[PDB]
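In: coordinates for the following, if possible.
(one chain, ligands or ions: 2)
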Amino acid sequence: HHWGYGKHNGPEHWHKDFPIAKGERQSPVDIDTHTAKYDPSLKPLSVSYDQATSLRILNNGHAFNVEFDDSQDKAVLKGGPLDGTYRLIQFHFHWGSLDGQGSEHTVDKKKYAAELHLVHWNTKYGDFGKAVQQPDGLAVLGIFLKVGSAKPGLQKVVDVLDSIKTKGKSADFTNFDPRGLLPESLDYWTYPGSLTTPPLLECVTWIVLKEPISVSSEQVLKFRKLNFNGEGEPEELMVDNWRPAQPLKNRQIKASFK
Ligand SMILES: NS(=O)(=O)c1ccc(C(=O)CSc2ncccn2)cc1
Ligand SMILES: [Zn+2]
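Out: Numbering: from 1, shown residues only. Ligands and ions are numbered 1, 2, ... in the order given. Structure as follows:
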């Protein structure tokens, strides 16, 4: 009886195995755009993905992860609200059973169809597992997806999904360029938060881009054909793998714009 996205083991249950679920800096949150403070001291975000080395894609039973070589300083995030350098380790998405829901963060209570998370760890901690034990260990770049035009840069991810349909499947996935998933503007909101799945650790500086990317209906339909179950188990479609907005508590969301 492990955690998941149901009935009986979904977000509303996670606190019993992971009591930090009711902590003081949990994510995601609703971004109330009127009460986010513009902060002129924030810097432009610096995304340097020109040497990124993707390796593999994995269905982990909750989502799929596209994983990167993070053994050298090759795909890094810095600037923005960050001190120091953060190295890309993986990206993944959260999405819905319908186009009207699927994002984790919301904007004035608006849900997007999905949300991409590019996960980076602070190099001052040497590796991901030590970084998640620190309050400034990770920086997660979150990007909303709406359904409209296709995203050509997403298609190579969509096409490999039938090879990793069920939990525990992986496939070679080299030469994937995550620059092809970025919108045109890097204007962002930022606040201190947490991983949005167990272990729910309070180690993340969240950076949420204002401008969503568009993906097609056919692209998001292929996400919804994945499965949470393993091969030879009854089919449980991988949909609605998002945690709802959590209490903001004693936190300020800052805007890099306006
Ligand atoms: N949804 S998210 O907040 O971007 C997010 C959520 C979970 C992760 C994980 O790596 C979970 S697995 C993991 N393994 C060891 C220590 C901490 N987490 C990474 C990013
Ligand atoms: Zn995530």
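In: what's the burial count for residue 221?
Out: 12 (other C-beta atoms under 10 Å). (Each C-beta comes from the backbone N, C-alpha and C, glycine too.)
In: gap between the strand or helix carrying it and the chain center?
Out: Secondary structure from DSSP states H and E places residue 221 in helix 217-223. With C-alpha atoms, centre = their mean, to the nearest Å as the basis, helix 217-223 stands 18 Å off its chain's centre.
In: likewise for stretch 92-112?
Out: In this view, stretch 92-112 has its centroid 12 Å away from the chain centroid, taken as C-alpha atoms, centre = their mean.
In: packing partners for the helix holding residue 221?
Out: If contacts are counted by 3 or more C-beta pairs under 8 Å, 6 or more residues apart in numbering; DSSP states H and E, helix 217-223 sits against strand 86-95, strand 138-147, helix 155-158.
In: could you point out which element follows it?
Out: Using DSSP H and E, the helix or strand that directly follows helix 217-223 along the chain is strand 254-255.
In: so how far is ligand 1 from the most centrally placed residue in the chain?
Out: For the chain, the residue nearest the mean C-alpha position is residue 117 (2.0 Å; C-alpha atoms, centre = their mean). The gap separating residue 117 from ligand 1 is 4 Å, by C-beta to the nearest ligand atom, to the nearest Å.
In: what about that residue, which helix or strand?
Out: Using DSSP H and E, residue 117 sits within strand 114-122.
In: one step back: nearest to ligand 1, out of the helices and strands packed on helix 217-223?
Out: strand 138-147 (4.5 Å; C-beta to the nearest ligand atom).
In: helices or strands up against the closest one?
Out: Applying 3+ C-beta pairs under 8 Å, 6+ apart, one finds that strand 138-147 contacts strand 86-95, strand 114-122, strand 204-209, strand 213-215, helix 217-223.
In: any chance of these in TSV, plus distance to residue 55?
Out: Below are the helices and strands packed on strand 138-147 laid out as TSV (distance: least, C-beta to C-beta, whole Å):
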stretch	distance to residue 55
strand 86-95	10
strand 114-122	14
strand 204-209	23
strand 213-215	23
helix 217-223	21
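In: of those, give the one that comes closest to residue 5.
Out: Closest to residue 5 of the helices and strands packed on strand 138-147, according to C-beta to C-beta: strand 86-95, at 9.5 Å.
In: what are the contacting residues of the very next helix or strand once past the closest one?
Out: Remark: after strand 86-95, the chain's next helix or strand is strand 106-107, criterion DSSP H and E. With contacts defined as C-beta atoms under 8 Å, 6 or more residues apart in numbering, strand 106-107 is touched by 28, 30-31, 33, 112, 144, 245.
In: highest neighbour count among these?
Out: residue 144 (25 neighbours).
In: my guess is that residue meets residue 112, correct?
Out: Yes - the criterion here is C-beta atoms under 8 Å, and residue 144 meets it with residue 112 at 4.1 Å.
In: what touches both of the two?
Out: 103, 212.
In: now the residue at the greatest distance from the centre of the chain. Its backbone dihedrals?
Out: Centroid-distance maximum for the chain: residue 232 at 28.7 Å, with C-alpha atoms, centre = their mean. Dihedral pair for residue 232: phi 70, psi 10, per degrees, to the nearest 10.
In: please report how far it lies from residue 27.
Out: From residue 232 across to residue 27, the span is 35 Å (C-beta to C-beta, to the nearest Å).
In: got the contact list for the closest residue to residue 245 other than its chain neighbours?
Out: Excluding the flanking residues, the one nearest residue 245 by C-beta to C-beta, 6 or more residues apart in numbering is residue 30, at 4.4 Å. Neighbouring residues of residue 30 by C-beta under 8 Å, 6+ apart: 105-109, 245, 248.
In: next one: residue 112
Out: With C-beta under 8 Å, 6+ apart, residue 112 has these contacts: 102-103, 106, 144-146, 212.
In: which bits of the stretch 101-250 of the chain sit near ligand 1?
Out: 117, 119, 129, 132, 140, 195-197, 199 (C-beta under 6 Å from any ligand atom).
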